[PDB]
């Protein structure tokens, strides 16, 4: 399992991501509007990243064979119809400057590799004598996207190309990059060599920058998408996917459970604007999600259009107690599961502990808890973390019981005497 709140000295990222609200086609004004909202309402709670998802280099996002915006060295650039400030060689620098001025951080998603277009044009590699055709691995592609070919790690110039990307991103004032298409699929092995190359590239780029590569908990046996969305059966399944993830060795990274499909989403997407909506999650479901994401240290990336938040949604995001579980708790662990009743626990740094109790069933259930499950042999005071209220005291000889509505959960703080 993954039982720490810091990995390489960093806590899980907290921010906003353009995908659930704007798909592949977010605009500069949309990004800045979200950054302004975050600066005014959220920043003081630790929300910090403003992240543009994939295909920011595609003017026509949301032919499938339309050209991508690309420099002479085969490096993808922001579409200036969507990012007017990127003109005249500026790229994302003006956007990131604005974000930094708000006290926030700027992130992007990229696809693994080198553009097929670069290979077509045989673009030179910046900082190398080799060209795109000489470094591409043209049999290594993405099972769900046609933008790129892999880079061939056995070729001179291959590392140079990756370095050239992260140097560009550094010049643009990027603070975070997530790389997609690293995971295995039927026809492609996990891209381990490119992972190593990317890691060296970001270390060399000359600017502090967070890298994210890990796909989160693996799938278990429209739904054809691997993406997490506002649908109870996907949220239900995430509970098991997390249990499985935790009992494996390869957990040295945040379990990335997915963007939070909360508030106003579906504005643009690959399948059109028709799906523009408020999250389909009930309030109980939304809290259930927040509780799992918090207690396992998932990054917290808000997926909705922030400026359309209501009081309720803002309140999900501004609970110092919940955020503290996600950012600072340790010994995070799966406690039990029986017949759709689930408990997870963690420990705070000030003598306290946390217990999350979940009813995943479609009918009301009574959830049970004892101090012996979480290592405590003294009387504690129990608090409800979400509403800050005192519940009761609890001794080692006792059991706590709570009836939970379907899909409802409770987050408890266990505080010593």
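Residue numbers count along the first chain shown, from 1.
**Student:** Between residues given as residue 186 and residue 187, how many of the deposited sequence are not built: none, 1 to 3, 4 to 9, or 10 or more?
**Tutor:** Unmodelled stretch: none, continuous chain.
**Student:** Using what the record says, work out whether there is a hole in the model between residue 62 and residue 63 and how many deposited residues it spans (none, 1 to 3, 4 to 9, 10 or more).
**Tutor:** According to the record, 4 to 9 deposited residues lack coordinates from residue 62 to residue 63.
**Student:** Looking only at CA atoms, which has the higher mean B factor in the entry: 113-121 or 297-305?
**Tutor:** In the deposited entry, the stretch with the higher C-alpha B-factor mean is 297-305.
**Student:** Out of 383-391 and 24-32, which stretch has the higher average CA B-factor listed in the record?
**Tutor:** Mean B over CA atoms: larger for 383-391.
**Student:** Say you rank 251, 190, 140, 164 by Cα B-factor from the PDB entry; which sits at the top?
**Tutor:** Of 251, 190, 140, 164, 251 has the highest C-alpha B-factor.
**Student:** Kindly indicate the residue among 228, 73, 83, 176 with the greatest C-alpha B-factor in the PDB record.
**Tutor:** Highest C-alpha B-factor among the listed residues goes to 228.
**Student:** Sorting the chain's CA B-factors, does residue 339 end up in the lowest, middle or highest third?
**Tutor:** For residue 339, whose C-alpha B-factor we compare with every modelled residue in the chain, the answer is the highest third.
**Student:** Going by the CA temperature factor in the PDB record, which third of the chain does residue 56 belong to: lowest, middle or highest?
**Tutor:** As the PDB entry reports it, the C-alpha B-factor of residue 56 lands in the lowest third of its chain.
**Student:** For residue 108, return the chain-relative third of its C-alpha B-factor as stated in the PDB record: lowest, middle or highest.
**Tutor:** Bottom third by C-alpha B-factor.
**Student:** Lowest, middle or highest third: where is residue 147 by Cα B-factor in its chain?
**Tutor:** Its C-alpha B-factor, which the entry lists for residue 147, ranks in the lowest third among residues of this chain.
**Student:** Where does residue 2 sit by CA temperature factor within its chain: lowest, middle or highest third?
**Tutor:** Bottom third by C-alpha B-factor.
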